[PDB]
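Listed next as structure tokens: two forms of one protein chain, kept apart as structure 1 and structure 2.
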Structure 1
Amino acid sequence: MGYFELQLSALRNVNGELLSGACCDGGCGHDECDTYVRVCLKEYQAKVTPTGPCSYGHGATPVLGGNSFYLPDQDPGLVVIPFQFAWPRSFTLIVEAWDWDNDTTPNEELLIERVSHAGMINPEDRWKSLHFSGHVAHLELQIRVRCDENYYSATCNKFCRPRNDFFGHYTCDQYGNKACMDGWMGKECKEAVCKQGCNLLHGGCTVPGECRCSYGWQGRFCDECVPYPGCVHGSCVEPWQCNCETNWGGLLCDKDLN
């Protein structure tokens, strides 16, 4: 999840001319072109065609000026095209200028200039400056790709939101990697580091620094086994044993054999 930004900085149509060779509204007069800009974003093309759908998204500006201008809480000279898919890095950018004419009709003949640029851009880079010269107009503009908050990587598809609750305990680093908080481990940082010395063959923990023993083991580090209940002069090696000392017998090692 991310967005593509284009910042228009300059545009010149000295003659007040459209691409078809007519005046917008001796020179071309004084009723100037009422200029606005469209941005088409589509797949990368070896040969860039004017036709084709904007399969990556599109945008437009309001009318910004007459024949020539620079720019300069909503910026009219900035086109933002959000996207959900993974950013493919390579792309075709088509930028068109238009005269608006106060007519509910879609008159295509009102096109001023069309420029294009096939290339590669990553979110890591910042504003790339692009200069264009057509038969009519000269454009100057910057472009940028940014990931939304908690999205990372060159595709803007790697997700990481910090979390400290029922499902995990971690922050995020520069590149979207989970950094487990003090006392947690595992790929999703939901697995706790038990206190040190805890034999984890027979121990476990829900909370960092804890170690409770499996059935049949005991002790602080859960490294000591549980003798058969009632065992007197006997000891344990594996749980539930009662191995007698010398001259002692019985199930509980309580019978004097001397």
Structure 2
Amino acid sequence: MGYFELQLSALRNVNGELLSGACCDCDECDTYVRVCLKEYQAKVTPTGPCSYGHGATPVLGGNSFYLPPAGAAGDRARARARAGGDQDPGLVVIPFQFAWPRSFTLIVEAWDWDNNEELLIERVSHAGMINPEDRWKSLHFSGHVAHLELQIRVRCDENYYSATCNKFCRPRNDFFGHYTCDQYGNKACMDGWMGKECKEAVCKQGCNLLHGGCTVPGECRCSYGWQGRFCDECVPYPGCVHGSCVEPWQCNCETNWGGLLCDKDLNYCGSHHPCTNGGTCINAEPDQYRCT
């Protein structure tokens, strides 16, 4: 989810001494750096172990040495994607899979390699607060023996966001969604897609989505009972002749037309009539009458 970085750039012990006042023999030390990441507290500044993680460098040089800068690129794959023998000492990487508490206590030590605790060169502490910012932060110190220049930074892992590295967002384009992720870790639906999970597609423009749908963006496939390019006209009762529909399977007959399929003339005589001698016809039952 995230990792704490430490970039050592300079360490200076001109006298070549230990913190105990003794000599590294004042013919030079073999200096390596330990890093202790633990809980930040209140008043009870001394309690034991590195609960948030720990790190160590190999011997980097002698009494005093200066380390090159790195590169404002490859930052992610240099610290979190390499095989054994990570050939960059001075970069201490402490990954974490919990919610970053922001408040922390950093203890950085300088040691002498010999082959024991009486070989500590310099111990340095600093408790404070830091947020997952992609910007380094400089820390300089001047102890009784050594002088150190550090650069620390907290960083959310790729696809993890927010100031606690807990919000997750990984880009996707498959069965379960079509989207990317943004600055703040929210989903950005790819063009043609919508919805809370960028799962629902955008259909043909004009498609009545009350009765139509689409599996691929740009389609318009109607439901059962609706038809047309836009799925907006109902399918009437098959056999409907003098009728219409508003809902599917309806055969709403027209004026003076009746029966199921609207094929029965109720006003037989006011239309194609049968009367004789200018008498008088009257409508009587579908397709029937009386002409007197």
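Numbering for residues begins at 1 and runs along the sequence of structure 1. Note that the rigid core is defined as the largest set of C-alphas that superpose within 1.5 Å between two forms. Residues that one form lacks are left out of the comparison.
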property: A60 C-alpha shift between structures 1 and 2 of 2 Å or more, rigid core reference; result: no
property: Is_shifted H135 between structures 1 and 2 (CA, 2 Å cut-off, rigid core); result: no
property: Threshold 2 Å Cα movement between structures 1 and 2 at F167, rigid core reference; result: yes
property: C-alpha positional change at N177 between structures 1 and 2 - rigid core reference, Å; result: 1.7
property: Angstrom displacement of the CA atom of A10 between structures 1 and 2, core fixed; result: 0.5
property: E124: CA movement between structures 1 and 2 [superposed on rigid core, Å]; result: 2.3
property: Taking the rigid core as reference, consecutive runs of 3 or more residues that move 2 angstroms or more in Cα between structures 1 and 2; result: 45-51, 162-171, 178-258
